[PDB]
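Below you will find one chain, with nothing else, as structure tokens; this is the form deposited in one PDB entry, and questions on how it binds or moves follow later.
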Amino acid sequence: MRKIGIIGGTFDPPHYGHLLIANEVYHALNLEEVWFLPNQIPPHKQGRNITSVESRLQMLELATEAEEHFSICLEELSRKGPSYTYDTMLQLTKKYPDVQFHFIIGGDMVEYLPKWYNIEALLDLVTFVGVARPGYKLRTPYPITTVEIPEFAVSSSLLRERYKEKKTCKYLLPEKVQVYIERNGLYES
């Protein structure tokens, strides 16, 4: 069975923090590849902006393009609305019978796993890989894998605000992403 990691999120925008996490799990668990799984976003409720599927996808391409062992999985992005991880992984299991999935989650996510839709059935579809700060451990009734990664603290929520202020995010995300964002005036709001 091919060992394939999954890292999901809206990647809005993708940055070095995402890359570092995917990379650390790739090396730590000796995966064949890591697939980035861009989430769908429902239309805004009160006339504000959501970054387009096309824009988020293009940034993700630019962010990952150079690393042979990263790819983009379009399973959720191709759907009209958001997906429960269970439904997504059921589909990927159908599409790729020879693949073993390692689904990467943040350390803070671990204690809330029991509230995920169809969690018991999901555990039969994937192996969770929780990210912990060096030296420390995640606690869950569930059989999960733990990978230690330093907390690098880069966040999409901080980057967007910089762009809104017409600052650069050079050195916080791949140069190609920076060039694409400032050009298209993303995150100006």
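Each residue number is its position in the shown sequence, starting from 1. We call the rigid core whatever largest set of C-alpha positions still superposes within 1.5 Å between the two forms.
For the two regions 180 to 188 and 1 to 9, the entry's Cα B-factors average higher over 180 to 188. The PDB entry records a higher mean C-alpha B factor for 40 to 48 than for its counterpart among 138 to 146 and 40 to 48. When the C-alpha B-factors of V53, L29, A63, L122 are read from the PDB record, the largest value belongs to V53. Remark: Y96 belongs to the highest third of its chain, ranked by C-alpha B-factor as recorded. For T85, the recorded CA B-factor ranks within the lowest third of the chain. Only modelled residues enter the ranking. In the deposited entry, the Cα temperature factor of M59 places it in the middle third of its chain's modelled residues. Ranked by Cα temperature factor within the chain, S155 sits in the highest third according to the deposited record. Among the modelled residues of the chain, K115 sits in the middle third by CA temperature factor in this PDB entry.
One more form of this protein, deposited in another entry, exists but is not displayed; see below.
With the core held fixed, the Cα of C169 is displaced between the shown form and the other one by 2 Å or more.
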